[PDB]
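Only one chain is shown below, in structure tokens, and it's the form deposited in one PDB entry.
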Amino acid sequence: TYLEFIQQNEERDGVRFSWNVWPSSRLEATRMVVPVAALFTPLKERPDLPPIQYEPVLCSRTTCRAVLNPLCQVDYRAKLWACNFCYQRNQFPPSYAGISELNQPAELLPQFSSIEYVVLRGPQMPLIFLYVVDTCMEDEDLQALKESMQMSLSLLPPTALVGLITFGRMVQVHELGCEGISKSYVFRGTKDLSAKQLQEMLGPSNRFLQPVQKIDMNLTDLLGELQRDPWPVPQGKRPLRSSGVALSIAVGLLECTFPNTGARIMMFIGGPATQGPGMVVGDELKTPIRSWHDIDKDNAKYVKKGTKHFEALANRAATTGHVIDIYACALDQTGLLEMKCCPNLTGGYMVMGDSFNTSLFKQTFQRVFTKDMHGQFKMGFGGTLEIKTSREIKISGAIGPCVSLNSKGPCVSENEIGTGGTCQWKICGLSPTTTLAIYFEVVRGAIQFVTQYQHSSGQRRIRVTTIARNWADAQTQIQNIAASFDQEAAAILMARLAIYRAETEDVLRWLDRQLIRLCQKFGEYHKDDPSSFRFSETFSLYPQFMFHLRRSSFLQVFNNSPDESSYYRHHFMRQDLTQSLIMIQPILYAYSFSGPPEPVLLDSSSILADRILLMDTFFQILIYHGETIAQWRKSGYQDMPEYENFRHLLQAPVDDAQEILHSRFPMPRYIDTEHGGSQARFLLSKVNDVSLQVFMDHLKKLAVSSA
């Protein structure tokens, strides 16, 4: 079963391809509508693999150097194995001299095609957490943020290194535990400082990055005595907030002290940058922060200059190997558009809310520090992803949280996509859910993913994934290929391409041409008869995905603030297939007396009055109470003991929500409205050119005519 095959290969290998059978001819490889591409989750969790504590056996060919894997031919009599990539015959290392048929090494078993090695040879470094706190906010928000930080500090390992930078008009680098005085280094939040300058002006652990165990108390007393930025804010002005200079100092501090080691730069802002480099908006309250409408008409003079400043910081931190998180809670916008590159180029988080003093932020922030079955954080650091392919496969590029190491090779393709021109990428921070998108080009076949990273425990680890896919039998080329199509993965992989071209600017015209081309190649139809068009079970859901994709907030950015667009796109470019589908097309459920809850269509023909819906967009969990149940609820039938069944109904969607409302990292917003409520717009806007039926009619008309 092709469905069982796709499921079992995502569980075992953390990969999902658009095509699971690959073209063997240049004509088909060039005429490929959706490219051969993969949704790849390098650190996916699985039923408890054994961590293997020895060096990976490498192929002894200087060019290849592929890792021993279950696709290699092994002769247990001659103590030889043949590389599946370059065909080099290899003598076993001295340690493998005793391996046998009835007892063979783990890297050869097909269930360990995905496998993790532990390499213990050098002294392990501790984790580094640098707090960069904004003080230009209300006392309720500052106190609530202080409470969130003390909770995160209470979860860190004792050997973890912590630093504190506070900023507003100025930027203060605090020297912790100086005993009796509590000192800090004050800088103008008006001019930029380089890593060398900051090193000279300031003078394993530093005076600024101290172990939690030796400092947590002095921090707790400092973190609890913090106060508003003392500079007065005149009437009708925004506070002078030096976010850009505060970040460059935080970046510069770690670059000259702990380079090439895992570190989190956690930045907490309560408004936009209003001064210095990276400034997003002026300090005039009468001048509103730029909107997408303002971006289009060139009425936003700070966007281009502010973006260039944060792109320099992001590339400096990705080169050094550090992570930058943005935790932005404010009523108005905050500049996530100009700062998006810092958590996007690195593997950093982007959290966005209306106030740090909410259950939404407080719970989202502690999800960052979720531990596993061994009390260890679920974060990885300084990842290096290398991909090796058969000589017929070439790499176009990657889309996702990564940065090129610009390592050329025969696997590197000319036609480059996203972050291309390389077979190696750096991912400064990753989680078990971090998902990349690698695009391939054909010029059985095998691909090997090698991810070396720093575990949160300090151990150096290498994750190796070797997969294989059949070459298309030439006597049934397009037939075998068509049955291997993964419409779910292809839709997300094509959405990945569209968002990337839109966020680095028609994109809808490209999406429409590729959908029609896919219909004309893999669909059944007579010419000029739209009634005759059908799709196989393999392709039937793809048009419905494109319909929601081209209408989604990822591509129709008006009706959203520029920050909301960057936030949505940030979380879509990092998520796996299951969550990415929910973003594109929300899943809907229904709750009425007539039967258990069921998955229904995302159509206005499901908005019943006597029914309770449970819609799940990735960012929102909504529970709609139709005009009938909303009246029974406004009446008071629930409290009556005669209507305990009317209590199972109004709380069943609230029961199923909490389960998923605690797993998703950015805790989705919880909404409860009914017919007539002003919050039902989120349901009516995600529901329904025009509608899906009208969309399909036009698609069938274009698919059966000229190509």
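Residue indices: 1-based, along the sequence shown. Take the two forms, superpose them, and find the largest set of C-alpha atoms that agree within 1.5 Å; that set is the rigid core.
Missing here is the form deposited in another entry; even so, the following discussion is about that form.
- The one residue among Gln620, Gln477, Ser407, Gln514 whose Cα position changes by 2 Å or more between this form and the one not shown, with the core held fixed by superposition, is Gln477.
- When two forms of a protein are overlaid on their rigid core, residues whose CA moves 2 Å or more are considered shifted, and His648 is one of them between this form and the one not shown.
- Core-superposed comparison between this form and the one not shown: the C-alpha position of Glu598 differs by no less than 2 Å.
- Shown in the overlay between this form and the one not shown, fitted on the rigid core, is a CA shift at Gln556 smaller than 2 Å.
- Relative to the shown form, the Cα atoms of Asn560 and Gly676 move apart by 3 Å or more in the other entry.
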